[PDB]
């Protein structure tokens, strides 16, 4: 059974960058629903699979990708943030960012560009391309997860669904992007990067 992970910090720990109301709803309501809905969807698919009902399996795909991706995405997202986040990464991760994007600041502009560019709901990602052996930026629609749909290993995700910023930044998504850099947990992003170090 999939389960809702606890936040690594309190709901108001990312203030004033992301306020407590957004965090509380985002975790206890939005993420929570994806987990429960994912479990329900998985149970329906085992039944469909057991009966060899291909039509049912296909009909369940949107729910599985949506709720499953929702669980995958938010689980990573919480770990990507920290009250003591911000600044820049060091060592290998930093060198890779410099190598692949020119400089840390350029990288921030490129991931900001990808995140602000999402039309409708979605996510901006810094991922790792195993085949090419380098970092790569990508944007995903709705809850479509990065690895499941592109093969890239997620390192840092920026949720740009309106439920992630509208209460506080209203329609000005760039203000939200501006603020989130202050709470990025580069320690976690570095750990995920080193995890694909092969």
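Residue numbers count along the first chain shown, from 1.
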When the Cα temperature factors in the entry are averaged, is it 54-62 or 39-47 that ends up higher?
39-47
Using the B-factors recorded in the PDB entry, average over the C-alpha atoms of 91-99 and of 105-113, then report which stretch comes out higher.
91-99
Please work out which residue in 29, 132, 173, 163 has the highest C-alpha B-factor recorded for this crystal structure.
132
Go through 75, 84, 80, 121 one by one and give the residue whose Cα B-factor in the PDB entry is largest.
84
